[PDB]
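Before any comments, here is the structure.
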Number of protein chains: 4
Amino acid sequence: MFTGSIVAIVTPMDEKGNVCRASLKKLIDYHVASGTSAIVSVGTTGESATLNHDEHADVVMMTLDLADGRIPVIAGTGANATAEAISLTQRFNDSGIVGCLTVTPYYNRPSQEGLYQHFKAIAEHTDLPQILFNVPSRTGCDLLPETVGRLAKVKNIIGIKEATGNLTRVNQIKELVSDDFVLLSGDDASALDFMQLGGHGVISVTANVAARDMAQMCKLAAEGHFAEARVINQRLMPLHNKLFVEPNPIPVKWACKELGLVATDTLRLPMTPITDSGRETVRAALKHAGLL
Amino acid sequence: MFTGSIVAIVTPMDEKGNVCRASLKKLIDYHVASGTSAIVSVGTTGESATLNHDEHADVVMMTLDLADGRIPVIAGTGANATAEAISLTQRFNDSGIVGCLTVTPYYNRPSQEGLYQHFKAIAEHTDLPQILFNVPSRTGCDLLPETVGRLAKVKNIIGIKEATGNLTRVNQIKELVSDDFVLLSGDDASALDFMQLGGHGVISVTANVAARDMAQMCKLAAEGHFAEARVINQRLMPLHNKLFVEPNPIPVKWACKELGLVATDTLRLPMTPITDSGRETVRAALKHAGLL
Amino acid sequence: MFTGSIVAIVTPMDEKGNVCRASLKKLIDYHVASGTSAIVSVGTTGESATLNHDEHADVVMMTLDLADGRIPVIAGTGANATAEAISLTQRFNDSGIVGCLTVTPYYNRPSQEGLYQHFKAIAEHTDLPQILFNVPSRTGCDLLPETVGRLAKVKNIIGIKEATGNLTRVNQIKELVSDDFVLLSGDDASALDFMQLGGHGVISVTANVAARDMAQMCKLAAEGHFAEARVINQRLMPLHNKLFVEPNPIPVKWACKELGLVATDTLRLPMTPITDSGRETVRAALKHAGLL
Amino acid sequence: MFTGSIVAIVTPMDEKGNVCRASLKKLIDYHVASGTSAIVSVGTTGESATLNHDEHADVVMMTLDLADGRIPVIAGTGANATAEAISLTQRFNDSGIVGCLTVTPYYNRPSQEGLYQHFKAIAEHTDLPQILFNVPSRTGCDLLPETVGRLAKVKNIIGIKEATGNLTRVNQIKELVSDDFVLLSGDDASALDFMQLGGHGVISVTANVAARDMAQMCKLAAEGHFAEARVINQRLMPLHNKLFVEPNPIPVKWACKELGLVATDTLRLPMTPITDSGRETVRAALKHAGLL
C-alpha cells in the first residue's frame, strides 16, 4: 500500500544503540491498531545513515516478521552510489516487502541526467515497486518534475515522496505522469495542502506518535472533506513543526519514549540526546495534539 | 604540509571504472614536478562517494606508495556515521599519510552539538592530524565558526577546509582559534580572496590541471604579493568556474584526459559523461589558461 | 468586486511616456466584454513606480470615467511612508473606486509591528475597503500570516493579494481570519493551486491578454471544477512564466501591442524596451495560449 | 572625500517627527571632532524613505550649512523612477555637496540594461560625482560587477557603495574598473574584511555612535595595519550586528539618544519605537564598545 498515512518509522534502540525488538513490536502493533496504511522501515527517521547494510537488513526483516502480514512494509534502499543502491535492493528481493523508498544521491550532487540513470538502473534490476524520494535540504540536489516524468515511464517506478515543502510540485509532476503514479508528501506541516492539491498521502514522521489522527486526516482528505481534515491537522501542527525543533529523529524518539511506545530514546552519533528546551517544546506539542 | 596549493586529486579510472595505476602515477609525478604542496586522496573530487571503503583504502595506499616520500598525502576519511568515520580513519593509522580531511556528516543534518561530538570522537581514535571540511551545499549542514573554535581546542584537530564561498568566515574562525590553526579555501573561485584575508592555502580542484600556476599563485599570496597573484587568478578564473559547469568531477576528469594526464575520463554513476556543450565550455577555459 | 479574475492593468503610453486614452479605453472595453471581475488601476503592472501622484490619480479617474460603471475599479495606493499612503488614499475618497490595493512598505524594511501600524493607520482614515499586498521579492519585507490575522480584525481591511508563490500561506492565513476575508493570488503561475487550496481569485498580469480564459478558469475554480480549470491553466502556463522573462510590465506591454490592444509598448525608465529574444519567447507563449 | 569612515548619518527629529536642528549640529560637530571623513545626508539611515523631497532637500542644506566647510557632505539622491532621481539630483547642483549616493531602483526590479540607462541618464544631468549603491535585500535587485564596469566608464560615476555582504564583489569589481574608482563597504560587520581585500572605506551606520573608533579603524586599514584594526573591529562587532536587531535606524537612533548625541529617538512610520528587549540588546553592545 502506497496511499494514505504511511509511517516513516523510528528504529527503537537500547542504551548501546542496538535495535530493540520489544519496542519495535509494540510500535508495529500500534500501527496495525491505529489504521496506518504502511510502514517505511529504515528510512531517514529510522536512522538509515548510522546502521550498516547488515543491521539495515536485520531491522527490515524483523519488521516484516513482527508485522506478520498485518501491515505492508516498504524498505528504505537509497544510496548515493548506483551500484550500492542496486546491491542493497537485491538484499530485499523475495523478502515480503511491497516496495522500496529510494532517495536522490546525497552529497555528490549529480545532474538530472545522472539522477535519471541512477533510478533507471535500480528499477531495471528488481521487480519491486520503487518510490522516488526528493529532499534537497538534506541531499544538495533537486529531482525536478521533468525528470520525474521521464522516470514515471519506467514500469516499476510507481511514485514519489516529495519533501521540498514546495506545493507547486504536486501539479507540475501530476500533469507529466500517468493517473496511477502516486504522489506522497514528505513534509508533515504542508502534507494536508499537498493532498488537497492532488496528492495521495504522506510518508510521515508525525504518524509515529499520532497514528490514528493521521490515518483519519488522510482518509478525509482522499474523500475531499478538506475542512474536516484541517481541524485534525490544526491539532497536529505544533507536532508537525516541533518534531523538527532538533534534528529528526531526536524529537520523535523522545516523544515515543514519553508515550511509553519505546523503552529508550537512544540514537547513534552524530545524533545526540534531546536538550531540555526541546523536551518541553515537544511535550507542549504532544499536549496540543491531545496525546498526553 | 597543510599550506599552499593542495590538490583534491581525481581518482583516474579505466573504462571499467576501477583505478588506473599508470594514470595515477602520471598525475602524482606531475604534482611533484609542479610544486604542489600536498595531495588529498579520495576526497569528493576523488569520488569518495562511489568507492567502497576497501577500494578507497586501496587508492590511498597506492597514492602513498607512488608518491614515494616526495609529496605528502592526506586521506579523505569523511562519513555521516561517526562509527564509520572512526573505522575508515583507523585503516590509515600508522600508514604514512600525514593527516585526514573529514567532512561534516551529510544527509542526516546533525546539530552543532552533534558535529562537535562526531569530530571529537574521531580525533580521540587517532593520532593523525584532522582537517575539518564544511561544504553546506553538498551536506545540508553548516559547521559555524563558534563550533570550529570548540573543536580547535582538540590537540589533534589542526585546521579547516572552508567551502561555503562566504569569505567572512576566514576572520570569524581566525579570531576564535590559535595562530597554528590552518585555514584552507575549499572554493577555487574565491580562494585567492580567502588567502588575502589570512587564509593559508587552498584544497583545489583547479590544481588537477593547472598545478604549476596554482602553486605559484599560492606562493605569491603567502608572500603578500597579491596583485601579481591576481594576474594568475584571472588566467585561471574560467577554470575555477567552468570546472563546475557539470557536477564535479565530470569537467575536471575530461580536462585531465584532454591534457594527456589520464588515459580515460570514466566515472562511476551517478556521475555521467560530460556533454558536448560542456566539452566545448571546458576546452575554452583551458585555452584561456594557456594549457591547451 | 474582489473575487475571480482581476486584471492588474497596464498603463498604456504613447511614445513620450504619457497615458494613451484611446488604448486605455480599448483595454477597458475588452475587460468588460471578457468577463473580468475588476481592474486594479496603477498597481505595479501599471507602473505606479514611475508616475507621480498627479498622473497616478489622473489615470485612475480616467479608468473610472471610461469604465462608466460597467466594471469595478480598485486603485493602487501603496507607499513606503505611512503619511504618503494616507494622503494618496485621500485623493480617491468619494471617487467611485470600490477599494484600494496597498503594498507593504518597500526598501525601508519595517518590522511586523511597523507593518501592523502602517496598515491600521491607512485603514483608519478612509471608509474604502483595503486589500493588503505582500510581495517580498520586490519589497525586502514579508507580511507574515500572524500579522495578517491582526489586521483582518480591522473593519475595512478586507483581504490580501499574496504574491510569495508560497502556497502554504493560503491556509496559514485562512485559519487566522474570518470566512469573508478574501485571499487573492498575486502570482499567476501558482494562482490556480492557490485557489484550489481555498483562495478566492487572482490579481493577474496574464489577464491583460488572456482575459476570457482567465475569467473562466477562476469561475471553474470557484465551483470546484479544478481539473477543467487546469486544462486552461496549462494553455496559459507559458504566459504565466514568460510574461516575467524580462521585468514586468515590459513583456505584457509588448504582448498587448502585438495583439492590437494598445498603440505602443512604451514604458518609462528604468524599464527599457523588450529584447528580440524576449519578443520571440513571449510570442511563442501567446501562440501556445491560442491568442495569435 | 570618498575614503575612510563615512557616516550614514541619522536625521535626528523632535517628538513631532521633524528635523531637530540642535541635535543635527551636535552630531556634525561630533563627526568633525571624531575624524569622520564625510557625511552622507538623508540616505537610508537618514530616513530618505519617509521624508518628502522638499524635507529631504532642507535636511541636506541644513547639514551643509552646519558643516560650514569643515567636513564634506554627500547627498542621498536615490529614486526608483529615473526622472525623479534626476529631479532630486538637480536640487543639489551647485549647492556645495561634493557628490551623490544613488541607489538601484527598488521595488520595480529593472534589468541590468535598465540599471545602466538609469544611472547613465542621472550622471548626464549633473556635474556632481556619483556613488552607486547596491543593496539587494532592500531593493529586490542586484547590480552585478559587469554592469558596474560599464557605468564606471561614465566620467561622472566614481565609485560604489557595496552592501551585499558578499566580499567576492570587491575584486570582481576592481578588475573591471580603473584604479581611481572607489570601493566602499555598505555593511559594517564585513567592512574591515572589505577593506583588507582592497576596499577604500565604508559608508557606516556604526559610525553614528562610534565615530572615533571607526575613523581610526579605517585609517589603520588604509595603512595595511590589519591586525590592530581587528582589535577595534572586535570591540565594535556587537554594534555592527545589534544595530540591526530591529530595522535600521531604530537601534542607532536610540543609541544616539542614550549617548546624549540627540534629543529624541523619534522616527516616522512605518519605523516604530525600539522594544524594551532591543533597548537592552543595544545597551550591552555600547558597553562592550566602551562608550556607555
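If you're wondering about the labels, chains in the C-alpha cells are A, B, ... by order shown, residues count from 1 in each chain, ligands from 1 in order shown.
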
Taking a cut-off of 7 Å and counting only C-alpha atoms, can you build a table that, for each residue of chain C near chain A, reports the nearest atom pair and how far apart they are in Å (one decimal), sorted by chain then residue number, as CSV?
residue,atom,partner,partner_atom,distance
C:167,CA,A:167,CA,6.2
C:168,CA,A:190,CA,6.6
C:190,CA,A:168,CA,6.6
C:193,CA,A:197,CA,6.8
C:196,CA,A:197,CA,6.6
C:197,CA,A:196,CA,6.6

Could the residues in this selection be written to a file with N, CA and C atoms, as a short mmCIF file (atom, residue, chain, number, x, y, z; two decimals), in the first residue's frame?
data_model
loop_
_atom_site.label_atom_id
_atom_site.label_comp_id
_atom_site.auth_asym_id
_atom_site.auth_seq_id
_atom_site.Cartn_x
_atom_site.Cartn_y
_atom_site.Cartn_z
N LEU C 167 2.55 28.57 -1.38
CA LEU C 167 1.16 28.17 -1.24
C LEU C 167 0.75 27.76 0.17
N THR C 168 1.73 27.50 1.05
CA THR C 168 1.42 27.23 2.46
C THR C 168 0.73 28.43 3.12
N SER C 190 1.24 30.15 -9.99
CA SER C 190 0.75 29.30 -8.90
C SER C 190 -0.68 29.64 -8.47
N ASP C 193 -3.44 26.67 -8.23
CA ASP C 193 -3.11 25.99 -6.98
C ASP C 193 -3.59 26.79 -5.75
N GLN C 196 -7.27 26.50 -5.52
CA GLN C 196 -7.65 25.12 -5.20
C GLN C 196 -7.49 24.88 -3.69
N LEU C 197 -6.51 25.55 -3.09
CA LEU C 197 -6.26 25.48 -1.66
C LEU C 197 -7.23 26.32 -0.80
#

Which residues, written as an mmCIF file with C-alpha atoms, in the first residue's frame, have at least one atom at most 7 Å from residue B:184, with only C-alpha atoms counted and residues fewer than 2 positions away on the same chain left out?
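Dumped to part-v6.cif:
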data_model
loop_
_atom_site.group_PDB
_atom_site.id
_atom_site.type_symbol
_atom_site.label_atom_id
_atom_site.label_comp_id
_atom_site.auth_asym_id
_atom_site.auth_seq_id
_atom_site.Cartn_x
_atom_site.Cartn_y
_atom_site.Cartn_z
ATOM 1 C CA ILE B 160 39.519 23.586 8.314
ATOM 2 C CA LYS B 161 38.738 23.351 4.615
ATOM 3 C CA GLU B 162 36.075 26.062 4.230
ATOM 4 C CA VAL B 182 45.239 26.299 9.410
ATOM 5 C CA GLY B 186 37.553 24.807 -0.500
ATOM 6 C CA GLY B 199 43.916 32.017 4.677
ATOM 7 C CA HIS B 200 46.932 29.674 4.444
ATOM 8 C CA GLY B 201 46.091 27.902 1.191
ATOM 9 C CA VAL B 202 43.522 26.001 -0.846
ATOM 10 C CA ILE B 203 42.441 22.386 -1.367
#

Tell me which protein, DNA and RNA residues are within 12 Å of residue B:62, counting only C-alpha atoms, leaving out same-chain ones fewer than 2 positions away, and put them as a list in words. residues 11, 19, 20, 21, 22, 23, 24, 25, 28, 41, 42, 55, 56, 57, 58, 59, 60, 64, 65, 66, 67, 68, 73, 75, 95, 96 and 97 of chain B

From the set C:292, C:49, C:4, C:114, which residue has the shortest atom-to-atom contact distance to residue D:84, counting only C-alpha atoms? C:49

Show which residues sit within 12 Å of residue D:216, as a list in words. Count only C-alpha atoms, and ignore same-chain residues fewer than 6 positions away. residues 4, 5, 6, 34, 35, 36, 37, 192, 201, 207, 210, 222, 223, 225, 226, 228, 229, 230, 231, 232 and 233 of chain D

Output of the above residues as an mmCIF file, in the first residue's frame, restricted to N, CA, C and O atoms:
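Ended up saving to out36.cif:
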data_model
loop_
_atom_site.group_PDB
_atom_site.id
_atom_site.type_symbol
_atom_site.label_atom_id
_atom_site.label_comp_id
_atom_site.auth_asym_id
_atom_site.auth_seq_id
_atom_site.Cartn_x
_atom_site.Cartn_y
_atom_site.Cartn_z
ATOM 1 N N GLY D 4 37.920 56.386 3.716
ATOM 2 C CA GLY D 4 37.901 56.337 5.167
ATOM 3 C C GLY D 4 36.502 56.084 5.699
ATOM 4 O O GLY D 4 35.648 55.568 4.973
ATOM 5 N N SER D 5 36.270 56.442 6.963
ATOM 6 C CA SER D 5 34.971 56.251 7.602
ATOM 7 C C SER D 5 33.977 57.368 7.243
ATOM 8 O O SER D 5 34.151 58.516 7.636
ATOM 9 N N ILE D 6 32.943 57.020 6.495
ATOM 10 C CA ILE D 6 31.924 57.960 6.073
ATOM 11 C C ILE D 6 30.644 57.565 6.805
ATOM 12 O O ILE D 6 30.214 56.410 6.714
ATOM 13 N N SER D 34 35.670 63.907 15.646
ATOM 14 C CA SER D 34 35.970 62.475 15.680
ATOM 15 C C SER D 34 36.898 61.996 14.552
ATOM 16 O O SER D 34 37.426 60.899 14.626
ATOM 17 N N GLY D 35 37.073 62.803 13.510
ATOM 18 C CA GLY D 35 37.899 62.443 12.363
ATOM 19 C C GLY D 35 37.156 61.727 11.237
ATOM 20 O O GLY D 35 37.775 61.152 10.338
ATOM 21 N N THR D 36 35.828 61.749 11.296
ATOM 22 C CA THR D 36 34.976 61.208 10.247
ATOM 23 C C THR D 36 35.279 61.913 8.934
ATOM 24 O O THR D 36 35.303 63.147 8.894
ATOM 25 N N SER D 37 35.497 61.150 7.864
ATOM 26 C CA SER D 37 35.938 61.719 6.579
ATOM 27 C C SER D 37 34.864 62.436 5.778
ATOM 28 O O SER D 37 35.184 63.320 4.994
ATOM 29 N N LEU D 192 35.648 45.744 7.495
ATOM 30 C CA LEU D 192 37.099 45.612 7.639
ATOM 31 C C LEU D 192 37.660 44.587 6.655
ATOM 32 O O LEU D 192 38.646 44.869 5.983
ATOM 33 N N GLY D 201 37.093 52.186 1.922
ATOM 34 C CA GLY D 201 36.414 52.697 3.098
ATOM 35 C C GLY D 201 35.044 52.094 3.297
ATOM 36 O O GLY D 201 34.740 51.032 2.747
ATOM 37 N N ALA D 207 29.226 54.174 12.665
ATOM 38 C CA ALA D 207 29.981 55.409 12.882
ATOM 39 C C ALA D 207 29.138 56.506 13.544
ATOM 40 O O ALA D 207 29.694 57.412 14.157
ATOM 41 N N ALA D 210 30.076 55.610 17.123
ATOM 42 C CA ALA D 210 31.438 55.174 17.423
ATOM 43 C C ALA D 210 32.386 55.770 16.389
ATOM 44 O O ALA D 210 33.235 55.070 15.831
ATOM 45 N N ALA D 222 43.738 51.387 5.820
ATOM 46 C CA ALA D 222 44.367 52.021 4.654
ATOM 47 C C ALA D 222 45.905 51.937 4.702
ATOM 48 O O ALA D 222 46.562 51.958 3.655
ATOM 49 N N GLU D 223 46.457 51.851 5.912
ATOM 50 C CA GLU D 223 47.905 51.790 6.120
ATOM 51 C C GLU D 223 48.440 50.361 6.090
ATOM 52 O O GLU D 223 49.654 50.159 6.147
ATOM 53 N N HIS D 225 47.822 48.038 8.388
ATOM 54 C CA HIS D 225 47.959 47.524 9.748
ATOM 55 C C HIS D 225 46.664 46.827 10.167
ATOM 56 O O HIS D 225 45.884 47.340 10.977
ATOM 57 N N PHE D 226 46.450 45.637 9.621
ATOM 58 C CA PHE D 226 45.156 44.983 9.733
ATOM 59 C C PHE D 226 44.921 44.340 11.096
ATOM 60 O O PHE D 226 43.804 44.386 11.610
ATOM 61 N N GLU D 228 45.884 45.319 14.073
ATOM 62 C CA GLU D 228 45.491 46.339 15.058
ATOM 63 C C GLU D 228 44.098 46.905 14.762
ATOM 64 O O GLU D 228 43.364 47.257 15.683
ATOM 65 N N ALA D 229 43.737 46.977 13.484
ATOM 66 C CA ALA D 229 42.381 47.370 13.097
ATOM 67 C C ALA D 229 41.342 46.342 13.578
ATOM 68 O O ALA D 229 40.251 46.729 13.971
ATOM 69 N N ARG D 230 41.699 45.052 13.588
ATOM 70 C CA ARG D 230 40.794 43.982 14.037
ATOM 71 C C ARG D 230 40.453 44.097 15.490
ATOM 72 O O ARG D 230 39.372 43.682 15.890
ATOM 73 N N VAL D 231 41.394 44.592 16.288
ATOM 74 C CA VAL D 231 41.154 44.751 17.723
ATOM 75 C C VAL D 231 40.006 45.752 17.895
ATOM 76 O O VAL D 231 39.158 45.565 18.741
ATOM 77 N N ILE D 232 39.980 46.798 17.076
ATOM 78 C CA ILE D 232 38.911 47.790 17.146
ATOM 79 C C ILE D 232 37.622 47.173 16.618
ATOM 80 O O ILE D 232 36.563 47.312 17.227
ATOM 81 N N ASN D 233 37.728 46.465 15.498
ATOM 82 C CA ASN D 233 36.580 45.782 14.916
ATOM 83 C C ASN D 233 35.889 44.848 15.915
ATOM 84 O O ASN D 233 34.663 44.807 15.953
#

Between atom CA of residue C:218 and atom CA of residue C:290, what distance in Å does the model show, to one decimal?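 Computing the Euclidean distance for atom CA of residue C:218 and atom CA of residue C:290 yields 18.4 Å.
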
So that I can see what lies close to residue C:106, please list as a ChimeraX atom specification the residues with an atom at most 12 Å from it, counting only C-alpha atoms and leaving out residues fewer than 4 positions away in the same chain. /C:49,78-82,102,110-111,115,133-143 /D:49-50,80,105-109,136-140,270

Using the selection just defined, write its residues with C-alpha atoms as a PDB file, in the first residue's frame.
ATOM      1  CA  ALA C  49       6.721  53.449  -9.547  1.00  0.00           C
ATOM      2  CA  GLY C  78       0.715  51.789  -1.723  1.00  0.00           C
ATOM      3  CA  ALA C  79       3.642  53.806  -0.350  1.00  0.00           C
ATOM      4  CA  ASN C  80       6.628  53.135   1.913  1.00  0.00           C
ATOM      5  CA  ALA C  81       5.846  56.178   4.104  1.00  0.00           C
ATOM      6  CA  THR C  82       2.633  55.888   6.123  1.00  0.00           C
ATOM      7  CA  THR C 102      -1.879  48.709  -0.757  1.00  0.00           C
ATOM      8  CA  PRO C 110       9.856  47.687   8.720  1.00  0.00           C
ATOM      9  CA  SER C 111       9.069  45.141  11.409  1.00  0.00           C
ATOM     10  CA  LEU C 115       3.564  46.861   9.118  1.00  0.00           C
ATOM     11  CA  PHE C 133      -0.347  43.325  -0.804  1.00  0.00           C
ATOM     12  CA  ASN C 134       2.629  41.112   0.121  1.00  0.00           C
ATOM     13  CA  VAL C 135       5.470  40.658  -2.383  1.00  0.00           C
ATOM     14  CA  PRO C 136       8.867  40.153  -0.618  1.00  0.00           C
ATOM     15  CA  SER C 137      10.871  39.628  -3.844  1.00  0.00           C
ATOM     16  CA  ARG C 138      10.108  43.296  -4.644  1.00  0.00           C
ATOM     17  CA  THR C 139       9.896  44.905  -1.176  1.00  0.00           C
ATOM     18  CA  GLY C 140      12.517  43.254   1.024  1.00  0.00           C
ATOM     19  CA  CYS C 141       9.947  42.503   3.717  1.00  0.00           C
ATOM     20  CA  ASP C 142       7.375  39.795   4.315  1.00  0.00           C
ATOM     21  CA  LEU C 143       3.965  40.354   5.923  1.00  0.00           C
TER      22      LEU C 143
ATOM     23  CA  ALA D  49      12.037  56.895   2.523  1.00  0.00           C
ATOM     24  CA  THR D  50       9.777  58.847   4.955  1.00  0.00           C
ATOM     25  CA  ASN D  80      13.192  54.129  -8.357  1.00  0.00           C
ATOM     26  CA  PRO D 105      15.754  51.364  -8.230  1.00  0.00           C
ATOM     27  CA  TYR D 106      13.857  49.462  -5.547  1.00  0.00           C
ATOM     28  CA  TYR D 107      10.549  47.610  -5.962  1.00  0.00           C
ATOM     29  CA  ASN D 108      10.257  47.771  -9.795  1.00  0.00           C
ATOM     30  CA  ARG D 109      13.226  45.400 -10.384  1.00  0.00           C
ATOM     31  CA  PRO D 136      19.660  43.715  -2.952  1.00  0.00           C
ATOM     32  CA  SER D 137      17.973  42.740   0.340  1.00  0.00           C
ATOM     33  CA  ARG D 138      16.218  46.144   0.428  1.00  0.00           C
ATOM     34  CA  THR D 139      15.673  46.713  -3.315  1.00  0.00           C
ATOM     35  CA  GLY D 140      14.852  43.336  -4.854  1.00  0.00           C
ATOM     36  CA  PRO D 270       6.484  52.669   9.321  1.00  0.00           C
TER      37      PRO D 270
END

Write down as an MDAnalysis selection string the residues belonging to stretch 58-284 of chain D that are assigned strand (DSSP E) by DSSP computed on the backbone. chainID D and resid 73:76 99:103 130:134 157:162 182:185 201:204

Between atom CA of residue A:2 and atom CA of residue A:251, what is the distance, to one decimal in Å?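 Atom CA of residue A:2 sits 25.6 Å away from atom CA of residue A:251.
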
Could you give me, as a ChimeraX atom specification, each residue of stretch 21-133 of chain A that DSSP assigns to alpha helix (DSSP H) when run on this structure's backbone? /A:21-34,53-67,82-90,112-124

Could you dump the residues just selected with N, CA and C atoms as a short mmCIF file (atom, residue, chain, number, x, y, z; two decimals), in the first residue's frame?
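Okay, this is what ended up in result26.cif:
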data_model
loop_
_atom_site.label_atom_id
_atom_site.label_comp_id
_atom_site.auth_asym_id
_atom_site.auth_seq_id
_atom_site.Cartn_x
_atom_site.Cartn_y
_atom_site.Cartn_z
N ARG A 21 13.94 -5.10 19.88
CA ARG A 21 12.86 -5.90 19.31
C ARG A 21 11.53 -5.68 20.01
N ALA A 22 11.54 -5.65 21.34
CA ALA A 22 10.32 -5.46 22.12
C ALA A 22 9.64 -4.09 21.85
N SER A 23 10.44 -3.03 21.74
CA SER A 23 9.91 -1.71 21.41
C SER A 23 9.37 -1.66 19.98
N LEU A 24 10.04 -2.36 19.08
CA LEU A 24 9.66 -2.34 17.68
C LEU A 24 8.34 -3.05 17.47
N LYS A 25 8.14 -4.14 18.21
CA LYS A 25 6.93 -4.94 18.16
C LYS A 25 5.75 -4.10 18.61
N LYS A 26 5.95 -3.41 19.73
CA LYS A 26 4.96 -2.51 20.29
C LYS A 26 4.55 -1.44 19.27
N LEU A 27 5.52 -0.84 18.59
CA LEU A 27 5.23 0.15 17.56
C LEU A 27 4.42 -0.43 16.41
N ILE A 28 4.75 -1.64 16.00
CA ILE A 28 4.10 -2.26 14.86
C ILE A 28 2.66 -2.61 15.25
N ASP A 29 2.47 -3.18 16.44
CA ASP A 29 1.13 -3.45 16.96
C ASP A 29 0.29 -2.18 16.99
N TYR A 30 0.93 -1.08 17.37
CA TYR A 30 0.26 0.23 17.47
C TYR A 30 -0.18 0.74 16.09
N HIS A 31 0.68 0.58 15.08
CA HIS A 31 0.32 1.00 13.73
C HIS A 31 -0.78 0.13 13.11
N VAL A 32 -0.79 -1.15 13.44
CA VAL A 32 -1.83 -2.07 12.94
C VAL A 32 -3.19 -1.66 13.52
N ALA A 33 -3.19 -1.40 14.82
CA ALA A 33 -4.39 -0.98 15.56
C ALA A 33 -4.88 0.42 15.20
N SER A 34 -3.96 1.30 14.77
CA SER A 34 -4.30 2.71 14.51
C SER A 34 -4.67 3.02 13.06
N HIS A 53 24.64 -1.92 6.33
CA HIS A 53 23.68 -2.65 5.49
C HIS A 53 23.19 -3.96 6.12
N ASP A 54 24.04 -4.60 6.91
CA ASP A 54 23.64 -5.78 7.68
C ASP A 54 22.56 -5.50 8.73
N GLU A 55 22.75 -4.44 9.49
CA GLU A 55 21.80 -4.05 10.52
C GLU A 55 20.52 -3.53 9.88
N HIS A 56 20.69 -2.73 8.84
CA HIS A 56 19.61 -2.23 8.00
C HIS A 56 18.71 -3.38 7.59
N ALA A 57 19.29 -4.41 6.99
CA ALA A 57 18.53 -5.58 6.56
C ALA A 57 17.87 -6.29 7.74
N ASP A 58 18.60 -6.46 8.84
CA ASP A 58 18.04 -7.13 10.00
C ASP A 58 16.75 -6.45 10.45
N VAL A 59 16.79 -5.13 10.57
CA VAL A 59 15.65 -4.36 11.05
C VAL A 59 14.46 -4.53 10.12
N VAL A 60 14.69 -4.52 8.81
CA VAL A 60 13.60 -4.66 7.84
C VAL A 60 12.98 -6.06 7.96
N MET A 61 13.82 -7.09 8.06
CA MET A 61 13.34 -8.47 8.22
C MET A 61 12.58 -8.67 9.53
N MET A 62 13.06 -8.02 10.58
CA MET A 62 12.42 -8.07 11.88
C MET A 62 11.06 -7.36 11.80
N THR A 63 11.01 -6.28 11.03
CA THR A 63 9.79 -5.51 10.86
C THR A 63 8.75 -6.36 10.11
N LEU A 64 9.18 -7.05 9.06
CA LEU A 64 8.34 -7.98 8.30
C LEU A 64 7.78 -9.10 9.17
N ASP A 65 8.67 -9.67 9.96
CA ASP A 65 8.37 -10.79 10.83
C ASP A 65 7.30 -10.41 11.86
N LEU A 66 7.57 -9.35 12.62
CA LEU A 66 6.63 -8.82 13.61
C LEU A 66 5.33 -8.33 13.00
N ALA A 67 5.41 -7.74 11.82
CA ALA A 67 4.21 -7.27 11.12
C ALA A 67 3.30 -8.46 10.80
N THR A 82 25.24 4.25 -7.35
CA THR A 82 24.22 3.47 -8.03
C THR A 82 24.38 1.96 -7.79
N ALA A 83 25.62 1.49 -7.76
CA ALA A 83 25.92 0.07 -7.57
C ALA A 83 25.56 -0.39 -6.16
N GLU A 84 25.76 0.49 -5.19
CA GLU A 84 25.38 0.20 -3.80
C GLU A 84 23.85 0.15 -3.67
N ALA A 85 23.14 1.01 -4.39
CA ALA A 85 21.68 1.03 -4.31
C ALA A 85 21.08 -0.26 -4.89
N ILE A 86 21.65 -0.71 -6.00
CA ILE A 86 21.30 -1.97 -6.62
C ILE A 86 21.54 -3.13 -5.66
N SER A 87 22.74 -3.20 -5.08
CA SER A 87 23.13 -4.28 -4.17
C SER A 87 22.23 -4.35 -2.96
N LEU A 88 21.96 -3.20 -2.37
CA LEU A 88 21.06 -3.11 -1.22
C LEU A 88 19.65 -3.55 -1.62
N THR A 89 19.23 -3.19 -2.83
CA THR A 89 17.91 -3.58 -3.32
C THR A 89 17.82 -5.10 -3.45
N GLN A 90 18.90 -5.74 -3.92
CA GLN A 90 18.93 -7.20 -4.13
C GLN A 90 18.75 -7.96 -2.81
N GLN A 112 20.56 16.06 -13.53
CA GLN A 112 19.26 15.47 -13.81
C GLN A 112 19.43 14.17 -14.60
N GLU A 113 20.30 14.20 -15.61
CA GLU A 113 20.59 13.03 -16.44
C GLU A 113 21.18 11.91 -15.57
N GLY A 114 22.04 12.27 -14.62
CA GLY A 114 22.60 11.33 -13.66
C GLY A 114 21.57 10.69 -12.74
N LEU A 115 20.63 11.50 -12.27
CA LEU A 115 19.52 11.06 -11.45
C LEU A 115 18.66 10.10 -12.26
N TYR A 116 18.39 10.45 -13.51
CA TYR A 116 17.61 9.58 -14.39
C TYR A 116 18.28 8.21 -14.53
N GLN A 117 19.59 8.18 -14.77
CA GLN A 117 20.30 6.91 -14.98
C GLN A 117 20.41 6.13 -13.69
N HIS A 118 20.59 6.84 -12.57
CA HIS A 118 20.65 6.23 -11.25
C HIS A 118 19.38 5.40 -10.99
N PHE A 119 18.22 6.03 -11.07
CA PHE A 119 16.95 5.36 -10.78
C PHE A 119 16.50 4.34 -11.83
N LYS A 120 16.86 4.57 -13.09
CA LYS A 120 16.52 3.64 -14.14
C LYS A 120 17.24 2.31 -13.90
N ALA A 121 18.51 2.39 -13.51
CA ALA A 121 19.30 1.18 -13.28
C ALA A 121 18.82 0.42 -12.05
N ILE A 122 18.48 1.13 -10.99
CA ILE A 122 17.90 0.49 -9.81
C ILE A 122 16.64 -0.27 -10.20
N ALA A 123 15.78 0.41 -10.96
CA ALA A 123 14.47 -0.14 -11.31
C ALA A 123 14.61 -1.35 -12.22
N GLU A 124 15.63 -1.34 -13.07
CA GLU A 124 15.83 -2.38 -14.07
C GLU A 124 16.09 -3.71 -13.39
#

Polymer residues at most 7 Å from residue A:10, only C-alpha atoms, same-chain spacing of 5 or more positions, as a short mmCIF file (atom, residue, chain, number, x, y, z; two decimals) with N, CA and C atoms, in the first residue's frame:
data_model
loop_
_atom_site.label_atom_id
_atom_site.label_comp_id
_atom_site.auth_asym_id
_atom_site.auth_seq_id
_atom_site.Cartn_x
_atom_site.Cartn_y
_atom_site.Cartn_z
N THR A 45 14.11 8.66 9.13
CA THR A 45 13.64 8.70 10.52
C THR A 45 14.02 7.42 11.26
N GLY A 46 14.27 6.35 10.50
CA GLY A 46 14.78 5.10 11.05
C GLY A 46 16.29 4.97 11.13
N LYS A 253 11.81 10.33 18.66
CA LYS A 253 12.22 9.22 19.52
C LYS A 253 11.97 9.58 20.99
#
